[PDB]
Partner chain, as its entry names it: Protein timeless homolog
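Quick heads-up: it's one chain on its own, the form deposited without the partner chain, in structure tokens.
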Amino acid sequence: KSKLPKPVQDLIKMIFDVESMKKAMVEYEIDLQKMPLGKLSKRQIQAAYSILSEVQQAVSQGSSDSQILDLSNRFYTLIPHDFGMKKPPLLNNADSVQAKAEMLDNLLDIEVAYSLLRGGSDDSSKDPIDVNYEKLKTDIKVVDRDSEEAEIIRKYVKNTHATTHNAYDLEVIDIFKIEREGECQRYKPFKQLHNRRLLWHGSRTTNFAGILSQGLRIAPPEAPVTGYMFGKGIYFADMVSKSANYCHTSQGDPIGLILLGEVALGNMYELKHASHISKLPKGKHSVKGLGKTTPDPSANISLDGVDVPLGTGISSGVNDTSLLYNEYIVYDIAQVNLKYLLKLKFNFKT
């Protein structure tokens, strides 16, 4: 029987929930019979990314409605969907190709979670929670509610909830100080860089077994760059509600998880509209998407030498931008040092 703190055990319990993995695939209309969770594979997912890129150009340079049919049917061959005996829907536009790329992003992280559960050894004398905790290669400590870290973090959640996202409010349940194995090694070249900020990153619960094990990764080469607004990089935000939206919680699933990572932004290449870039202009370390609203730059405070933009939301003085709030994108996975993990209770007023 495990000796870990109860919050850590409850975190592991849902991080490795097989039923939550099966439900997330059902959410994507995936045929769990022809595509079981045990038969998930990087080779199969990468091929689907590749065919999804085929539909990209044909949609981009306007192909006839029957030329798309073969490429669309091609994608369903690789990723089996459940539509019975009727035709699956056509992937004829750019919105339907990014929705199927978002699924592949989560299928890749779900594959890692199940791969850890089926790999390795089993020992009936050992706690399953203790066994699965060791597979994350991550030291997880419970931050004291009475501590100074918790006060700064609670203020971050309290102050950066956007009015546009007022259909719910956030209640901090647990705060975790996380340390990934070998991550501080990776973060050494950017350890003392300028413009280091503590930013949010939200994701589905079924993604976190892969995030804590392999880190926040960047999409494989086969993924269509057209789907991501600012290209293939790791995206962050300074508003907690913006990142909490990607937890994809609901009334029947009101518990979500969010990250607080140290991102070395450096000299930010600021943009206002989409830019599916591959490389960065020389001298730039990151991309910032300028938003209509920004946290108060005079309310910035420092936590362990890192700047926390927990100021109240105010106007940024930027006209003709496609973003209501800021985005931060880095394109090297070594510029991210994950620091905190929060258990959020979504109280929906909807």
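Just so we're on the same page, rigid core means the largest C-alpha set that superposes within 1.5 Å between forms. Positions refer to the first chain, counted from 1.
- Across the superposed structures in 5 other deposited structures of this protein, aligned by the core, the stretch whose Cα atoms lie more distant on average is 54 to 62, chosen from 54 to 62 and 296 to 304.
- Greater C-alpha displacement in 5 other deposited structures of this protein (rigid core superposition, RMS over structures and residues), of 112 to 120 versus 71 to 79: 71 to 79.
- Here 39 to 47 and 56 to 64 are compared by their mean Cα B-factor, and 56 to 64 comes out higher.
- Here the stretch with the larger average CA B-factor, out of 65 to 73 and 284 to 292, is 65 to 73.
- In this entry, the residue among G261, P89, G119, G256 with the greatest C-alpha B factor is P89.
- Within the group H201, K177, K155, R145, the record's highest C-alpha temperature factor is found at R145.
- Annotation for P80: CA B-factor lies in the highest third of the chain's modelled residues.
- Among all modelled residues in its chain, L107 ranks in the middle third by Cα B-factor.
- In this PDB entry, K1 carries a Cα temperature factor that places it within the middle third of its chain's modelled residues.
- Sorting the modelled residues of the chain by their CA temperature factor places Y187 in the middle third.
- For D123, the recorded CA B-factor ranks within the lowest third of the chain. Only modelled residues enter the ranking.
Not pictured, yet referred to below: the form solved in complex with the partner chain.
- The partner chain in the deposited complex is approached by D332, whose closest heavy atom lies within 4.5 angstroms of it.
- With a 4.5 Å cutoff on heavy atoms, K279 counts as touching the partner chain in the deposited complex.
- Looking at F190, you'd find a heavy atom of it within 4.5 angstroms of the partner chain in the deposited complex.
- The closest heavy atom approach of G283 to the partner chain in the deposited complex falls within 4.5 Å.
- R217 is the sole member of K137, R217, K158, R145 with a non-hydrogen atom within 4.5 Å of the partner chain in the deposited complex.
- Of the candidate stretches 182 to 190, 254 to 262, 145 to 153, 126 to 134, only 182 to 190 contains residues with a heavy atom within 4.5 Å of the partner chain in the deposited complex.
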